[PDB]
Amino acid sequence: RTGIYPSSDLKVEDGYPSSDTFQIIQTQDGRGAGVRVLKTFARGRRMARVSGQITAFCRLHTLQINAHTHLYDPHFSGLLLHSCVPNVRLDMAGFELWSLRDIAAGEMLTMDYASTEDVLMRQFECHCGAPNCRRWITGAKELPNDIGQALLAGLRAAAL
């Protein structure tokens, strides 16, 4: 079978993601728009092993390993879009992707950025439309920036 990680040392037979199970979804410009699953996963299953390059600096497409070290993965896990009600969890100790919900073929895989990331490279507005969405997305240890308040501290006019 064939794998997403371009390195030849990561084999699909060991658990690494296969293009027969996962699909990188593209924008109009040939950029990032998440990852689509193409087999059906029941919740509580390991969907894939994760790899990448060790780096000391948080960036786009890095995932946090521990307090000072991150995993640079522009091929797979770093492409996952945020959601406030994710269907997948990143286990950054075993380096594995696990189904939180039941996931049907064709569904978009989503993760809560704040469950792994202290801070993000860029805070942003969320469109998962979950009623419990946070609207403005930051790392778990990161305060909203000055744009962030506005959308937040403004949408608190929804008092009425």
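One-based numbering along the sequence shown.
When the two stretches 21-29 and 143-151 are set side by side, the higher mean Cα temperature factor goes to 21-29. Averaged over their C-alpha atoms, the temperature factors of 113-121 and 129-137 are higher for 129-137. Take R46, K39, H70, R101 and read off each C-alpha B-factor from the entry; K39 has the highest. In the PDB entry, the Cα temperature factor peaks, among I54, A105, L63, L97, at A105.
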